[PDB]
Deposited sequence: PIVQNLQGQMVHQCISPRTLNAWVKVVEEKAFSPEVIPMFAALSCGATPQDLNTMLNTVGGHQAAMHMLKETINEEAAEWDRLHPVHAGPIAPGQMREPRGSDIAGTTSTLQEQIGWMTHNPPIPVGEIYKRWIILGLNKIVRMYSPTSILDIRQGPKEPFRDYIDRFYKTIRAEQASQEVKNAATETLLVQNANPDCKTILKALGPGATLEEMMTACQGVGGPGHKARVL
């Protein structure tokens, strides 16, 4: 990544063994549960495009997902080039060239070039731009791997209301990849006894009040 040192200058640092292991382990343990995305975002803080590829490449399983991600990345890179045409020809000696999509994704740019862009004034934040494309792709994967429609999250006869709502909002998060009348659906999908109580509370009731009421 690129970070500021003790002196107060933006410099390249090697990706740490702890960061590398943390990412590999969260994917192994959580697959593409929605909470994997903010972990990725946090673990890749200050990442160069090279670092982002490193993280994605260290993942051993889920190769269908990784292929889908590559497709998303390629789509975002093509769109970048459409919006930002770079002039062809030889580079001005010793000067910074303009990044293409494939340079942002780290396929055609060097670490040195990436550092050059990210530490320029003003910065051309290729790490952040690429991370946005990656997260866009990861959100599609999260939605793909969400196993259940919210329509099928219904409270069991003996299921505690707390456990039901945990399943309900877990499912909403996966189905929408953490992107924000669900309270109405929550009541509709509740079991008969809790549903009666929730109807009596009326509209405008908070989740807190509903939980208290069916507790």
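Please report every deposited-sequence interval that has no C-alpha in the structure, sorted by position.
Comparing the full sequence with the modelled residues, the uncovered ranges come out as 181-184, 220-231.
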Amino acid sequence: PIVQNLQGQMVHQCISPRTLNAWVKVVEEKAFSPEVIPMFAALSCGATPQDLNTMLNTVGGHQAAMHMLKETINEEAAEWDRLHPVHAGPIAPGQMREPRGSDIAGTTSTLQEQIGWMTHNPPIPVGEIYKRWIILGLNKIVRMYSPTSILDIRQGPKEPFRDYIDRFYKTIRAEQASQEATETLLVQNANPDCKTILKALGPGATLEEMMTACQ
From here on, numbers count along this sequence of modelled residues.
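Comparing 203-211 with 16-24, where is the mean C-alpha B-factor higher?
It is 203-211 that shows the higher mean C-alpha B-factor.
Look over 168-176 and 181-189 in the entry and identify the one with the greater average Cα temperature factor.
Here the higher of the two C-alpha B-factor means belongs to 181-189.
Out of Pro99, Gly137, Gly106, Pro122, which residue has the highest Cα temperature factor in the PDB record?
Of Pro99, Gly137, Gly106, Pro122, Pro122 has the highest C-alpha B-factor.
Determine which member of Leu83, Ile129, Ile73, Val142 has the highest CA B-factor, using the values in the deposited entry.
Comparing C-alpha B-factors across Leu83, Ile129, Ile73, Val142, the maximum falls on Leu83.
Against its chain's modelled residues, does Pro157's Cα B factor rank lowest, middle or highest third?
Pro157: CA B-factor falls in the highest third of its chain.
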